[PDB]
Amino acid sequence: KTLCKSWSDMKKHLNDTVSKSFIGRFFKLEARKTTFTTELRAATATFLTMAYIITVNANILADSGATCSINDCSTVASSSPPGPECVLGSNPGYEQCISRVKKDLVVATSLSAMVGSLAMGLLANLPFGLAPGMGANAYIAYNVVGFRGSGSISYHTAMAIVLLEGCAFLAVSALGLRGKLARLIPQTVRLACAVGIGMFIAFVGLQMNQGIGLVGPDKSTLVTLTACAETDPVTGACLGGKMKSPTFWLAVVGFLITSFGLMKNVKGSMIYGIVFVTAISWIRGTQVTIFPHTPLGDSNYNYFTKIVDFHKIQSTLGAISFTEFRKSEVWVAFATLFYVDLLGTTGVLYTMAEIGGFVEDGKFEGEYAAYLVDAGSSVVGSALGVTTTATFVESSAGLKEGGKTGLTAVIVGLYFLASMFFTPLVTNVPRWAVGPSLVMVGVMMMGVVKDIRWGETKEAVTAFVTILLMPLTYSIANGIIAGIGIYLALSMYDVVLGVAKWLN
């Protein structure tokens, strides 16, 4: 009929008047042959594969106990609450503190993914998006700061490391010291570190108080399968009954329809696995509720019955303190976070330049203004309370549908503006819904393990120690250090002595 004919000739005309206006001259839409309409399809598919890190990042930096401390705890029958009693849960005053910080990290992630993505398109003309990157969320929140105020480094110092690393990554890039520096790292340590982070981030998404709750303590094997139904109220311990938890099996169904959606190539599928096992866990009354009948849960439901809200940052705003940079374990956390960002935004940003055909004999057309926008956005992301940004590989779903200019990245920046207003629906995602989303990240990073040269022995001993010691010793710093230490001693003690025997 002429109904679709009246629909098709308008899209032949709306794509002309955009290119005949001024906005086609800035983004250069005449060359880089494309139209206005197929840029909008390139940014819709980029956002849906990227919309999961708006909730994963909030539910993983609220476990850090961001600004809640011992002073704003509750009052009990004693004269004063002691040290470790408040920060392990079951409190009227501390749990209402941490419900006002997760509302300040959903807004602070959209405002960090706006500025990173909206400044990528306007300054570099490149079709990809930015957000706080996955992989360095778990290093700061679980290994530097730790689960609810553990560890040694406070959260105010951890947001000062991100500034001083962010300013160290502009002025190692503006001088030209990148190809001199990144090629110094060998291929096997660079490639096996991305596998061990994927196994650390999935062992996070299995524990009792972190994600679903499979693994647990044991007094002779040091880890065992619990999955227990009736557990301890105060702490997490198995009282009895294995594999019959209604919060465990509802999370497995979310893990299947995420994986049954990735095959058959549904673009956004990790967002539909989160929405399905959340929309069951909102009905009051069941055993899988996030809304119980406690006074600690009536305040979340009375905020849920309104579906939109304009919420402002008020707790985890600019909070920096350089008054702790004169001890030892601050700089070790500095040299680790400088290491994992140098290898994250180097192998990704050039690989996403050869898809779509930007590249010539080196030096694609947005080289110099993409290393700095990816670096300055960690500085503006550190004042707002979140971690470093990274150019996402999910942005490839927009490279395979015809996005080639910077109008892709501006529209991606405008869905994050249209998703900070839905704050009452995003703070209320349960921690067993975000569990399988931390496991499918580990599936997609282990897919690079078929490029490690397992033929030679020195390349396989170095790659095995780095992969193994990251999820076991519960440390990312103990896999980077114990990989370089094996790679030198197997190599320096015969080759370097042999070169120094012949160079003189």
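By rigid core we mean the largest C-alpha set that fits within 1.5 Å across both forms. Residue indices: 1-based, along the sequence shown.
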| query | After fitting on the rigid core, which stretch moves more in 5 other deposited structures of this protein, 43-51 or 440-448, going by C-alpha RMS? | reply | 440-448
| Relative to the presented form, and with the rigid core used for superposition, do the C-alpha atoms of 345-353 or of 276-284 deviate more in 5 other deposited structures of this protein? | 276-284
| Is residue 186 without coordinates in at least a third of the other compared PDB entries of this protein that model the residues flanking it? | no
| said: Can you check if residue 86 is missing its coordinates in at least one third of the other PDB entries compared, counting only those that model the residues either side of it? | reply: yes
